[PDB]
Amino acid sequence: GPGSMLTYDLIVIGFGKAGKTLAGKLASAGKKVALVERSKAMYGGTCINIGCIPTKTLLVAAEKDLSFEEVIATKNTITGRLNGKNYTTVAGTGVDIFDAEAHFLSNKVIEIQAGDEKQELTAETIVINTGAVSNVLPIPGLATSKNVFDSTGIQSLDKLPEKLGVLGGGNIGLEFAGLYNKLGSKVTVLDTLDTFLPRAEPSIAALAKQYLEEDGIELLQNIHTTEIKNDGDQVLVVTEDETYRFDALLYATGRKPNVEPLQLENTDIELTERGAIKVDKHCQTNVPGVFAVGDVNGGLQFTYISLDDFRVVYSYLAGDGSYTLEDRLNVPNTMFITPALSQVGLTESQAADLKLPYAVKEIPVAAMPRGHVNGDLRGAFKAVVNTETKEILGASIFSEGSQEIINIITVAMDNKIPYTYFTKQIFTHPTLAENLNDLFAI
């Protein structure tokens, strides 16, 4: 028969980054903790299974002597191991992991299916960590044509598509274009926008466009699609001036908070106008003791932002609440094209818009000895500084290893270190990082 409602100190909904971190921390401290996750293919969350880890594992594998099928299998081995490592690490702290989709019956009661019965759970603290789901554009035929995939489906194709279309121009789409180009596909990116990489420094965007085109990718702007349909197994993308034909189509046009399954109408929890779970500076909803962390609260969609939401909630629950969303320091980013394009802080354009007293300096990797050592002259560094306060406003690092190097910048920005320090730092040599000695001699 059915069980009586189970009471925990904390319930986490979703095996996301903030949630699994908070759950294990409090279970290790002796609290009674439950974590509810709808899919065994998602133990450890989006980054482990469908996001950060498989995407970058596929790109590393594609540079090696492996067939398409071997690259896919390598990705499955790596994500499968981390999936099991995450389940077992969380359960090993004492967290009770439930395999079900949770929905709310009231502010702090959830229901799950548990075999032939429903089971209810409650707690004093509920942390909603349900992530996001792919946007699907309302283009007629997109959702019903064969060989059309989102960013998850594209990771499990049966064979290499000879021609791959990508609809959208963000980090995700461009990383997959780079991947499939390496694997051997003829790749065309179709973007509605006029400007390629409009958030990047223009000089850096121009280099990126050059390198992607050199590598054989076709980058199209101002593309307005009226319909998607099939011709046999192939996909036709019908646009104003041309119909494009592909063996597979990826769409990558954003992801939105995953809130529908929760049945929030059964609670007092408020959504934002855009559909995210609304939170205050402590990631708390308007219901006391109910929080929302990671992508579902509408914040920046990176695993490291979900991790920092754990720091905010843990500060409020276990500490004195002194670290809040209003205190968050600098947030870098990387897009793993070839080479990686990394950035932190303000661009020149952003500093100009704020009327700050700024200066910039740019050095191409082609002028750097380590670029010659590497046999790879792609990329550039660009720094943006405030000539009055001596603060570093931002930097772009587009180069081999930039996903590591960018974090050098963040240490100095977070700690209010003047930009002139980088002219004095003693760097290892030969490296790309030592060129920061020259980039900051402004």
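In case it trips you up, residue 1 is the first one in the sequence shown, and so on.
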>> Mean CA temperature factor from the deposited coordinates, higher in 176-184 or in 142-150?
In response: 142-150
> Which of the two stretches, 312-320 or 332-340, shows the higher mean Cα temperature factor in the record?
Replying inline: 312-320
> Between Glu101, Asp116, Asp96, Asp268, where does the Cα B-factor run highest in the record?
Replying inline: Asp116
>> Highest recorded C-alpha temperature factor, please, choosing from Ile277, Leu220, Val290, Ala367.
In response: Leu220
>> Ranking the modelled residues of this chain by C-alpha B-factor as given in the entry, is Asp295 in the lowest, middle or highest third?
In response: lowest
>> By the recorded C-alpha temperature factor, relative to the other modelled residues in its chain, which third is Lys209 in?
In response: middle
>> Using only modelled residues of the chain, where does the Cα B factor of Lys229 rank: lowest third, middle third or highest third?
In response: highest
>> Sorting by Cα B-factor within the chain, modelled residues only, which third would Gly45 end up in: lowest, middle or highest?
In response: lowest
> Ranked by Cα temperature factor within the chain, is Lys382 in the lowest third, the middle third or the highest third?
Replying inline: middle
